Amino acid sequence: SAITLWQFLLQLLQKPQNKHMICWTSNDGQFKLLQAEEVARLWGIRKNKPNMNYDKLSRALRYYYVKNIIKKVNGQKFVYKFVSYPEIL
């Protein structure tokens, strides 16, 4: 059950059933958290972290910034992107 956010997030971006919650906003990696708080809800269920929310999840995302995995997209709300896509796969 060893999983990391970026893995989990991607796992959501490969399931169509999750398109109006989280969806690709481009073909070269960028994606958007349409229903941000929900993803958080689920991600806190995947890690068994009940009180999880976007204000905590995003913080993990921001840590990914310097770790060169996921960068924000200035301007576009809830939009992020993998930097080594589609390499990450």
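All residue numbers refer to positions in the sequence shown, first residue = 1.
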Quiz item: Averaging C-alpha B-factors over each stretch, which comes out higher, 57-65 or 28-36?
Solution: 28-36
Quiz item: Which has the higher mean CA temperature factor in the PDB entry, 6-14 or 69-77?
Solution: 69-77
Practice problem: Going by the recorded CA B-factors, say which third of the chain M21 sits in, lowest, middle or highest. | Solution: highest
Quiz prompt | Assigned third (lowest, middle, highest) for the C-alpha B factor of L42 | solution = lowest
